[PDB]
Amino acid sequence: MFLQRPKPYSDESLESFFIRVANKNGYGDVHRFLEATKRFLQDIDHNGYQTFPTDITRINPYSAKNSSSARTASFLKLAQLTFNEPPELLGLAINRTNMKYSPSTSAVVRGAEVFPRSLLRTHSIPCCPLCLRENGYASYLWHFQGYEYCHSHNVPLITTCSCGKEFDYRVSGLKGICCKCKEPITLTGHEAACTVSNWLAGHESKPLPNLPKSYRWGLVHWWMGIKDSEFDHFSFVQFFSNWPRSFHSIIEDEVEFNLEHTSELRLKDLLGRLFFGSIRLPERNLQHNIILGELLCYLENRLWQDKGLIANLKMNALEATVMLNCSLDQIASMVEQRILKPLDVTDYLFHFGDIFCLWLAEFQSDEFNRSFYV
């Protein structure tokens, strides 16, 4: 097999790339090219040929339960071997990662971009026919919730042709023609959804903040947990048009609420959802995690006010590990040499003020450090 590489586009989905390779190189459709690829990997006896996917909806390494590394090895082999000129294959693939978004959400990665798994579309991938007809390839962005309008054409993305037969470019191709009715698909205008889409695509879109892409998706994920429902594009842009006082109001309303409803006060009692919901969006880089950065700034300045209400709030060993990004052994190790003064991992032995100062004294990194909110 010697394939001709189609013209590269950095924002192309892996599926669209394989469809264009199949088209350019004379294969009937992408499924026939995948079967032929699997057959070639067998002919050269490639250790993972047997698990190479023939279903275009399962081609990404995240779709492989246990053969994800055989999958990436096959992509590297193909990109290095079967082409006139090496293509960027690995760079288009969506991989699992072990990173997380607080409190408990897993993640995927494409190139250097990390996404919360909650936003990864589970069923039918929408498209923009204007992009398909105009450019001839599909965008990786269509795979992720929150990007609901095309940032280039400003129209909602489409899931279904007018005939109720859902259109999925992975199975029904890159021209934007309906399978069943054989008609080209048509569209169906919120300003707030457009801003978010342009922002998630990586472009400056005021009043949304200029953060690395992984942290933009983190903010979508964070707002969904704050609003406790699917992403509300309107109130999200409204939130950042009044930033930072909009967030200072969320913090102040929250602590006042819990004070109304004293030595027993735990950090989770006063600020539970807010604090542990913000730690990893996806990491504690305070230049980029502006939620955690603003929260720590607000807490540092209110530390000893009101007879130390903030500083005396009680914490677990478990919660101190999530704050400091250390292990449980190190907590017990600091207890013994009396670096940290209070074993029981669930007992609320420690004070936020001590944990905060310990962070400053022993656990600041080049990213997780107070200088970014100063």
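Numbering starts at 1 and runs along the sequence shown.
The deposited sequence places 4 to 9 unmodelled residues between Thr188 and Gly189. The entry shows a gap from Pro342 to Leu343, with 4 to 9 unmodelled residues of the deposited sequence in between. Two stretches are in play, 98-106 and 77-85, and the higher mean C-alpha B-factor belongs to 77-85. Here the stretch with the larger average CA B-factor, out of 154-162 and 293-301, is 154-162. Highest C-alpha temperature factor among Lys65, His31, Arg58, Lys38, as the PDB entry reports it: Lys65. Based on the entry's C-alpha B-factors, the most elevated value among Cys181, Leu92, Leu119, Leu141 belongs to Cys181.
Among the modelled residues of the chain, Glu254 sits in the highest third by CA temperature factor in this PDB entry. Per-chain ranking of the deposited C-alpha B factor places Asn325 in the lowest third. Looking at the C-alpha B-factors along this chain, the one for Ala332 belongs to the highest third.
In the deposited entry, the Cα temperature factor of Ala70 places it in the lowest third of its chain's modelled residues. Placement of the Cα temperature factor of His221 within the chain: lowest third of the modelled residues, per the deposited record.
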